[PDB]
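1. What follows is a protein structure lacking sequence information:
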Ligand SMILES: [Cl-]
Ligand SMILES: [Cl-]
Ligand SMILES: [Cl-]
Ligand SMILES: [Cl-]
Ligand SMILES: [Cl-]
Ligand SMILES: [Cl-]
Ligand SMILES: [Cl-]
Ligand SMILES: [Cl-]
Ligand SMILES: [Cl-]
Ligand SMILES: [Cl-]
Ligand SMILES: [Cl-]
Ligand SMILES: [Cl-]
Ligand SMILES: [Cl-]
Ligand SMILES: [Cl-]
Ligand SMILES: [Cl-]
Ligand SMILES: [Cl-]
Ligand SMILES: [Cl-]
Ligand SMILES: [Cl-]
Ligand SMILES: [Cl-]
Ligand SMILES: [Cl-]
Ligand SMILES: [Cl-]
Ligand SMILES: [Cl-]
Ligand SMILES: [Cl-]
Ligand SMILES: [Cl-]
Ligand SMILES: [Cl-]
Ligand SMILES: [Cl-]
Ligand SMILES: [Mg+2]
Ligand SMILES: [Mg+2]
Ligand SMILES: [Mg+2]
Ligand SMILES: [Mg+2]
Ligand SMILES: [Mg+2]
Ligand SMILES: [Mg+2]
Ligand SMILES: [Mg+2]
Ligand SMILES: [Mg+2]
Ligand SMILES: [Mg+2]
Ligand SMILES: [Mg+2]
Ligand SMILES: [Mg+2]
Ligand SMILES: [Mg+2]
Ligand SMILES: [Mg+2]
Ligand SMILES: [Mg+2]
Ligand SMILES: [Mg+2]
Ligand SMILES: [Mg+2]
Ligand SMILES: [Mg+2]
Ligand SMILES: [Mg+2]
Ligand SMILES: [Mg+2]
Ligand SMILES: [Mg+2]
Ligand SMILES: [Mg+2]
Ligand SMILES: [Mg+2]
Ligand SMILES: [Mg+2]
Ligand SMILES: [Mg+2]
Ligand SMILES: [Mg+2]
Ligand SMILES: [Mg+2]
Ligand SMILES: [Mg+2]
Ligand SMILES: [Mg+2]
Ligand SMILES: [Mg+2]
Ligand SMILES: [Mg+2]
Ligand SMILES: [Mg+2]
Ligand SMILES: [Mg+2]
C-alpha cells in the first residue's frame, strides 16, 4: 500500500497490461514446447520440426523474462496467473503445427499492438520504445517466417505428402 | 486407439504418472521463476538470489523436457495440464524463499519416490533406472544445498538482519 | 567341479541366463551383418543402409563381448552355442529390413527384461545394475530410432517408392 | 532429539548400517596400509607390492569419505567407532597378502550386499542406486583383479619361488 | 531366377565356394573369441593372450566381410549358414590354445588353396588375384607367427611351467 | 628372533616409541576426519571448515606413513594398534573445533618432544634429525596457525555470533 521509490510515469493500467503480456508469452512458450514433443513421437518422427519448435519455446520464455525485468525496472509488481495448457492441440501434421504457430504469433502481435496503444494513450514513451525495440519487429519477422514455412509446405503438397514434410524438415529446418 | 510400435513393458499407470511428473517439474520451474524476480524488485535488490533462483528455474524446465523425451522414447503419449501459479508466494525474505524452495524440492522428491515405487510394482527396470540416474541424486543434492542455505541464513541472523541476507548473497551465491 | 575364488552372490540360473544372452547378442550381430550386405547388392545399392546396419552389427558384437567379460568378472563360465543364421531373411526393401530390425531389438529387450527379473528374484543387485547401466537404455534408444526410421519410410511412400528409400538413405542415414 | 530438515525416506536402520559400513571401509584402508609397509621391509623388499597396497589403502579412505558425505546428504548422523588393527596380519609372502586382500574384499562385498538388501527392504531407491553406482561394480572389479593376481602368483610357483614374487612385482605391479 | 547385370566370368561353383569360405572365416572369428575369453578367466588370468586372440577374432570378421563384399562385386548372392561353436574347446593352457590356432589357420589355408584351384580351373583370374592379394600371404604370415609362438612356449617349458606362459604373455604378447 | 641386516644404533625403546607415534598420527588423522564431516552437516554447513579439517586429516595420514617408512629404514618392525575414535567429539561450533584441534596438536607436540628426548638419551642423532626436520617445525607452525584461528574467532564474537563463523569460513579458510 506504498509507492515504489523508482516508479515514474507508469500507469496502473500499463502495469496490469504488462502482467497479462507476461502470461501470454509463457503460454506461447508452452504451446511451442507441446508442438516440439509432438514431432519427437515415434509415429511422427520429424526431428528438425521438433528442434525448431523447442528453440521457439525457449525464445518465448526469454520474452517473458524480459517483461518481468521491465515490470521491476518501472516499479510495477509482477502478478502471475496459471499458464493454460495449449489450446490448438491435436497437432496432426507439420503444416497444421506451422498454421497453429502462425495464428499464435498473430494473436501475440495483436496483444502487443493493444499494449502499445495503451502506452501511447498514457503518454509512456519509455514503454512504447521498449515494445517497439524488443517485441514488434521480432513479431513481424516471426510471422513472416511462419508464413513462408506454411507456403512452402502447401506448395510441396503437405499434408497429404509425407515426403513433402520429410524434405522440408531436412532442407528448411536442418 | 492403436498401440505405439515401440511400446514394451510400459504400463498405462506409469505413462499417466510420468505425465503428472511433467506437470510438477513445470510447476517447480514457475515457482523458481517467480522467486527469481522477487529478488530483482527495487525494494528487495538481492541480485545473486535472483540469479540462483533463475538458474534453478531453467534446470526444472530441463527436467520436464527430459521426462517428455522419456514418454516418447517408451511410446507413451504426453498429456499436458495447466501450470498452476506459484502457491507459496508472498516471498518476504531470502530465508523465507529458501525455506519455500526446500519444501518444494521435498515435495518433488516424494512425487519421484512414489513414481519409483509404481515402476517397481510394475517391474519396469528401465523406468526405475531412469528415475535413479537422472532424478533421485539430483533431488538429494538440491535438498542438501537448500538445507545448508537455510542453516547459514538462520545462523547469520536472517530474516531480521538485512546485513545477513546481503552478505550471504555476496559470499555464498556470488 | 570346484567353485571360482571370485564367485559371490552369483546364482547358477543367472550364469546360464547370461550364456543365453551372449548367444542372442551374437545372433543379432549376424542378422545385422546379413542385412548390411543385402543393401550392398548391385540390385539394391543403398550404401548408407549398408553402413548403418554394419555399424549396428559391430555394436552387437561389443554387447556380446561385454557379457563375456561380465561372466568372467562374476566367476561364471562361458558356454557357447552355434550362432543361428538370420531367421527374418528375404530382406525385400529398406522398410522391410527396418521392420525386421525393430522386431529383433524388441525380442532382445524382452530377453533382457526376463534376465533382469531373474536377477531381481535372486537378489543380485550387481547384475541388475549391469543390465540397467549397459543394456536397458541402449535398447530403448535403439527401438525408438528404428521406430522413427520405419515411420519416415512409411510416410515417404516406401516400399513402392524407390525414390523414398533413396532419399531416406541420403538424408537420414548419410 | 529433533529431525534433520533434509531427511526424507531414510530409515534409522539404514543410517546405522551406513555407520557400520564407514567403519569397515576405514578398517580396509588400515589393512592395506599394514600390508603396504610389510613389502617395504628390508627383508621383503618388493616395492611395487608396497605401492599397489598403498594405493588400495588410499582408495578405501576415499570410499569411507563418500559414505560420510552420503550420511550427511540424507540427514543421518555419523557415528564413529575404533578402527581395529588388521586381523589377517603375519603377512608371510606376496601370495599370502593377495589372498588376505581377496578375503577382505569379499567380506566388504558381503557387507555391501547386506546393506543393499536392507535399503531394498526399506524401499530406499536413492540408497540402492548409491551402493550400485559407487560400490558394487568397484568391488566386483577389485575381487576379479585380486583373483587374477593370486592365480598368476600360484602358477608362477609362489610362495616357494622368491623369483616368482620378484618377477610379478616387476611385470604385473610395475 | 534372373542374372545379375554385373556378373561376368563368375562360375556358379565359385559363388558357392565363396559362400563356404565366408562361413569358415566367421567360424574362425568365433574360435578366437572363445579362446580370448578363456584367458580372461580368473583361474587363467593371462591378459595379453586374451588381447592377442581378441584382435585375431576381429581380423577374421574383417576377412569375412571382405568376402561378402567380393560376392556382391561379382554379382553372386550371399548365402549364410549357422556359425558352429568352437570345436577345439577345453583350451587347457596358452600352449594348447596356440596349437589349436595353428591347426585352425592351416585348415583355413587349405580351404583357400582349394578355392584358388577351383578359380584356376574356371579361368577366373580376378578371383585368383583376390585370393592371392588379400588371403594367401596373410595366412602364411599367421601360420609362421603361430608356429614361432608354439616353439617359444615349448622351449620355455610350457605347459608345465606357468612361469613360461606368464613371461611369454609379458614379453612376446605385450 | 633374528636382527635386521640394516639395523644400527636403533634402540629397542626408540623402535617402540616410533610405533606409539604412528598410532598417535593415525588418531590425529581420524579426529580431523570427524571434525571435517561435522562441518558438512546440513545444520552446520560451513564448507571451508570442512575442507580445512579434511586437508589436515590427509596431512596426518602422510605424517603416519613417513614414520612407518622411518621404522623400516632403521630395521625396526611396525606394530599397529587400534585407532581410537575421536575423544574430544560433540564438536559444537567452529571455535570449539579449532580449540580441540589446538589441544590435539599440543598433545602431539608433547609426544614428539618426549620421542626426541628418548632419541637424545640413546645418542641416536639420525632419529633426532628426522624428528627435527620432518615434525617439530611443522608442529610449531600448526599450533601457531590454530592459535591465530582461535583468536580471530573469539575477537569476531564466536561462538554466539553465527555471522562470525560464517565470515571466518569465507575470508580465512576460503
Ligand atoms: Cl501518480
Ligand atoms: Cl495485474
Ligand atoms: Cl490464475
Ligand atoms: Cl528486419
Ligand atoms: Cl500389454
Ligand atoms: Cl495422463
Ligand atoms: Cl488442465
Ligand atoms: Cl553426490
Ligand atoms: Cl564481508
Ligand atoms: Cl553358494
Ligand atoms: Cl549355460
Ligand atoms: Cl550348439
Ligand atoms: Cl536417453
Ligand atoms: Cl519418518
Ligand atoms: Cl549408528
Ligand atoms: Cl568404539
Ligand atoms: Cl566393468
Ligand atoms: Cl621387461
Ligand atoms: Cl554364363
Ligand atoms: Cl551357396
Ligand atoms: Cl545352417
Ligand atoms: Cl611377408
Ligand atoms: Cl645392539
Ligand atoms: Cl612396539
Ligand atoms: Cl590394539
Ligand atoms: Cl617457519
Ligand atoms: Mg491472457
Ligand atoms: Mg520466435
Ligand atoms: Mg513472444
Ligand atoms: Mg482448461
Ligand atoms: Mg529494432
Ligand atoms: Mg500434480
Ligand atoms: Mg536444482
Ligand atoms: Mg526437478
Ligand atoms: Mg488457482
Ligand atoms: Mg534397482
Ligand atoms: Mg548417478
Ligand atoms: Mg537363444
Ligand atoms: Mg544398436
Ligand atoms: Mg545388443
Ligand atoms: Mg537352421
Ligand atoms: Mg544409464
Ligand atoms: Mg564392522
Ligand atoms: Mg581397490
Ligand atoms: Mg571399499
Ligand atoms: Mg584387538
Ligand atoms: Mg556403474
Ligand atoms: Mg565350412
Ligand atoms: Mg590373424
Ligand atoms: Mg581368415
Ligand atoms: Mg554342434
Ligand atoms: Mg601381396
Ligand atoms: Mg598412544
Ligand atoms: Mg597440519
Ligand atoms: Mg602429525
Ligand atoms: Mg573407546
Ligand atoms: Mg641436535
Ligand atoms: Mg626444517
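-> Perfect, I can see it now. Numbers count the residues shown, from 1 in each chain, chains lettered A, B, ... in the order given. Ligands and ions are numbered 1, 2, ... in the order given.

2. Give me the most central residue, chain A.
-> residue A:28 (4.5 Å; CA atoms, centre = their mean).

3. What sits closest to it if chain neighbours are left out?
-> Nearest non-adjacent residue to residue A:28, counting by CB to CB, 6 or more residues apart in numbering or on different chains: residue A:60, 4.2 Å away. In this view, the C-beta of every residue, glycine as well, is placed from N, C-alpha and C.

4. Identify the element of secondary structure that the one you found sits within.
-> For residue A:60, the host element (DSSP states H and E) is helix A:47-73.

5. Stretch A:104-122 vs chain B: in contact?
-> No. Applying CB under 8 Å from any CB of the partner chain, one finds stretch A:104-122 separated from chain B by no less than 15.2 Å.

6. Report the distance from that stretch to the chain centre.
-> What separates the centre of stretch A:104-122 from the centre of its chain is 13 Å, taken as CA atoms, centre = their mean, to the nearest Å.

7. buried sites along that stretch?
-> Buried residues in stretch A:104-122, counted by 16 or more other CB atoms under 10 Å in any protein chain shown: A:104-105, A:108-109, A:111-112, A:115-116, A:118-119, A:122.

8. rewinding a little: who's in contact with the residue nearest to residue A:28?
-> Counting by CB atoms under 8 Å, 6 or more residues apart in numbering or on different chains, residue A:60 touches A:25-26, A:28-29, A:32.

9. one more time with 10 Å, if that's ok
-> Applying CB atoms under 10 Å, 6 or more residues apart in numbering or on different chains to residue A:60 gives the contacts A:24-33, A:104-105, A:108, A:142.

10. Out of those, which sit inside helices?
-> Under the assignment DSSP state H, the contacts of residue A:60 contribute A:24-33, A:104-105, A:108, A:142 to helices.

11. What is the nearest of these to residue F:156?
-> Nearest to residue F:156 out of the ones in helices among the contacts of residue A:60 is residue A:26 (CB to CB; 46.2 Å).

12. Count the residues that sit near the closest one.
-> Using other CB atoms under 10 Å in any protein chain shown, residue A:26 is surrounded by 24 other residues.

13. and if you look at the one 3 residues further on?
-> The burial count assigned to residue A:29 is 21, neighbours taken as other CB under 10 Å.

14. just checking, it touches residue A:63?
-> Yes. Judged on CB atoms under 10 Å, residue A:29 makes contact with residue A:63 at a distance of 8.0 Å.

15. from memory residue A:66 sits against residue A:25, does it?
-> Yes. Using CB under 10 Å, residue A:66 is in contact with residue A:25, at 8.6 Å.

16. between these two, which one's more packed in?
-> Counting neighbours by other CB under 10 Å for residue A:66 and for residue A:25 shows that residue A:25 has the greater number, 23 against 14.

17. any residues in contact with both of residue A:66 and residue A:25?
-> Taking CB under 10 Å, 6+ apart as the criterion, residue A:66 and residue A:25 both touch residue A:135.

18. Check the spacing between residue A:73 and residue A:10 real quick.
-> According to CB to CB, to the nearest Å, residue A:73 and residue A:10 sit 10 Å apart.

19. got the contacts of residue A:60 as a markdown table, with distance to residue D:156 columns?
-> Listed next are the contacts of residue A:60 as a markdown table, based on distance: CB to CB, whole Å:
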| residue | distance to residue D:156 |
| --- | --- |
| A:24 | 78 |
| A:25 | 73 |
| A:26 | 71 |
| A:27 | 74 |
| A:28 | 73 |
| A:29 | 68 |
| A:30 | 68 |
| A:31 | 71 |
| A:32 | 67 |
| A:33 | 64 |
| A:104 | 75 |
| A:105 | 76 |
| A:108 | 78 |
| A:142 | 74 |
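
20. OK, contacts around the closest residue to ligand 53 within chain A?
-> Ligand 53 sits closest to residue A:65 of chain A, with a gap of 62.1 Å, by CB to the ion. Listed by CB under 10 Å, 6+ apart, the contact set of residue A:65 reads A:22, A:25-26, B:33, B:36-37, B:54, B:57-58.

21. repeat for residue A:64
-> Residue A:64 touches A:21-29, A:83, B:33, counting by CB under 10 Å, 6+ apart.

22. how far is stretch A:3-11 from where the chain is centred?
-> That offset, for stretch A:3-11, works out to 28 Å (CA atoms, centre = their mean).

23. Could you measure from the residue of chain A found nearest ligand 42 over to residue E:76?
-> Nearest to ligand 42 in chain A, going by CB to the ion, is residue A:40, at a distance of 19.5 Å. Going from residue A:40 to residue E:76 by CB to CB gives 43 Å.

24. what's the answer for residue A:98, then?
-> Applying CB to CB, the value for residue A:98 to residue E:76 is 50 Å.

25. how about the helix or strand in which residue A:17 is found, does it get close to ligand 3?
-> Element membership for residue A:17, per DSSP H and E: helix A:12-39. No. Using CB under 5 Å from the ion, helix A:12-39 stays clear of ligand 3, with a minimum separation of 8.5 Å.

26. what's the angle from that helix to helix B:12-39?
-> Relative orientation of helix A:12-39 versus helix B:12-39 (axes from the mean of the first three to the mean of the last three CA atoms, to 10 degrees): 150 degrees.

27. Buried by neighbour count: which residues of helix A:12-39 qualify?
-> A:14-15, A:17-19, A:21-39.

28. do the same with stretch A:68-78
-> A:68, A:70-72, A:74-76, A:78.

29. of all the residues you listed, which two lie farthest apart?
-> Greatest spatial distance among these (CB to CB): A:68 and A:75, at 13.4 Å.

30. just to revisit the earlier point, quick check, nearest of the ones in helices among the contacts of residue A:60 to residue E:148?
-> Distances from residue E:148 to the ones in helices among the contacts of residue A:60, taken as CB to CB, are shortest for residue A:33 (65.6 Å).

31. In contact with the residue of chain A found nearest ligand 29, which residues?
-> Across chain A, the shortest distance to ligand 29 (CB to the ion) belongs to residue A:63, at 3.6 Å. Neighbouring residues of residue A:63 by CB under 10 Å, 6+ apart: A:21-22, A:24-26, A:28-29, A:108, A:112, A:134-135, A:138-139.

32. How much space separates residue A:69 from residue D:70?
-> Counting by CB to CB, the gap from residue A:69 to residue D:70 is 40 Å.

33. oh, I was asking about residue A:170
-> 48 Å.

34. What of residue A:168?
-> Distance, residue A:168 to residue D:70, using CB to CB: 51 Å.

35. what does residue A:14 give?
-> Separation of residue A:14 from residue D:70 (CB to CB): 53 Å.

36. what's the answer for residue A:39, then?
-> Using CB to CB, residue A:39 is found at 41 Å from residue D:70.

37. Over to residue A:134?
-> For residue A:134, the distance to residue D:70 - CB to CB - is 47 Å.

38. again, but for residue A:2
-> Computed as CB to CB, the residue A:2 to residue D:70 distance reads 49 Å.

39. Excluding residues flanking it in the chain, which one is nearest residue A:164?
-> residue A:156 is the one closest to residue A:164 (CB to CB, 6+ apart), at 3.7 Å.

40. Nothing else from me, thank you.
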